[PDB]
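Here the structure is laid out as structure tokens; the discussion comes afterwards.
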Amino acid sequence: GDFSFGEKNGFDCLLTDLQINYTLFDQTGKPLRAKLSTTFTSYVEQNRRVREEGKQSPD
Amino acid sequence: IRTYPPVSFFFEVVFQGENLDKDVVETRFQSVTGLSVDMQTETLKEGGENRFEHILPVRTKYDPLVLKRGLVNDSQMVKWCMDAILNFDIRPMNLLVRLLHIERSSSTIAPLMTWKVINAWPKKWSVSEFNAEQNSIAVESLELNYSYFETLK
Numbered sequence: 001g002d003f004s005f006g007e008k009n010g011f012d013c014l015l016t017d018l019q020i021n022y023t024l025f026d027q028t029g030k031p032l033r034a035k036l037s038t039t040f041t042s043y044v045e046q047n048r049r050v051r052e053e054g055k056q057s058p059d
Numbered sequence: 060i061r062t063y064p065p066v067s068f069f070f071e072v073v074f075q076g077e078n079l080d081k082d083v084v085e086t087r088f089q090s091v092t093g094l095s096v097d098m099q100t101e102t103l104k105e106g107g108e109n110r111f112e113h114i115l116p117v118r119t120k121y122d123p124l125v126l127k128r129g130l131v132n133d134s135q136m137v138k139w140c141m142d143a144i145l146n147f148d149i150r151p152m153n154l155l156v157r158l159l160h161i162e163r164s165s166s167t168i169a170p171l172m173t174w175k176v177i178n179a180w181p182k183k184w185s186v187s188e189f190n191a192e193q194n195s196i197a198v199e200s201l202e203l204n205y206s207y208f209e210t211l212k
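As you go down the protein sequences, you meet chains A and D in turn. Residue 36 in the working numbering sits at position 36 of the first sequence; the count goes up by one each step and never skips. Each number in the working numbering comes from the position in the second sequence (counting from 1) with 59 added on.
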């Protein structure tokens, strides 16, 4: 929605870690509750990275 | 078929021990309690069965035995207890607890119920408070550990 991480409104990422726990089951075996834990890492392209670092120098 | 239940105030205790079973003052008590047993369990839940869980038996526990009297100034039983407590020298004994009634066929005093208490040894000893302003009796109380009890069937 309206959340802001910083100067942007989204998080660009890749998944690195995931775990699922099944804690409740039906009488036929099908699950009724699952708990998930995830870890993501930040991703940004080369061309765009060098433009975000707008290096100003005696260059 | 029974119509009337038994009465609780006519009872006796016997020490099957060193030579205490023949001493008259060692059978007279004001109160006896602590004769109860309990089963301890754990709970296990099975996935997919949401209607009940499983209760599994673990071990058995017993309550201590508590006796109360008016203070007897010279008692062989108390010598036995204080030998256990002061000199760390214990020698367990067996006990009988009897509930009595009147039987006639003239009449006679007879046991109605009997429990055997196995391997008893001292746990605690106490005497009541001394108070200059109250009408009271010096009352001593003894608590014992034991292994288990059984009905003399």
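Heads up, the beta-carbon is just placed ideally off N, CA and C, and yes, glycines get one too.
Do you know how far the Cα of D:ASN153 is from the Cα of D:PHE69?
So the alpha carbons of these two residues sit roughly 21 Å apart.
* Between the segment 143 to 163 of chain D and the segment 96 to 113 of chain D, are three or more C-beta pairs nearer than 8 Å? -> The segment 143 to 163 of chain D is not in contact with the segment 96 to 113 of chain D.
*Are the C-beta atoms of residue 218 of chain D and some chain A residue less than 9 Å apart?*
This structure does not reach residue 218 of chain D, given that chain D is present from 60 up to 212, and the question cannot be answered.
Between which two residues does the alpha helix (DSSP H) containing D:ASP142 stretch?
Per DSSP, D:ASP142 belongs to the alpha helix (DSSP H) from 135 to 145.
* **Under 9 Å from the C-beta of A:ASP2: neighbouring residues of chain D** => Those do not exist, as A:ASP2 stays about 41 Å from chain D at its closest Cβ, beyond 9 Å.
Q) How about A:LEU24: is its C-beta nearer than 9 Å to some C-beta of chain D? A) Yes, because at least one Cβ of chain D sits closer than 9 Å to the Cβ of A:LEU24.
- Same chain, Cβ closer than 8 Å to D:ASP148, neighbours up to 5 away in sequence not counted: Within the same chain, and ignoring the five residues on either side of D:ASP148 in sequence, the residues whose Cβ sits closer than 8 Å to its Cβ are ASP142.
I'd like to check one pair, D:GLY93 with D:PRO123: are the Cβ atoms closer than 9 Å? D:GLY93 sits close to D:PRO123, with the two beta carbons spaced by under 9 Å.
Self-check item: Cα-Cα separation, A:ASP17 to A:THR41
Solution: Going by the C-alpha atoms only, they are around 9 Å apart.
Can you grab the Cα-Cα spacing for the pair D:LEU126 / D:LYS182, in whole Å? Near 12 Å, if we compare the C-alpha coordinates of D:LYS182 and D:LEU126.
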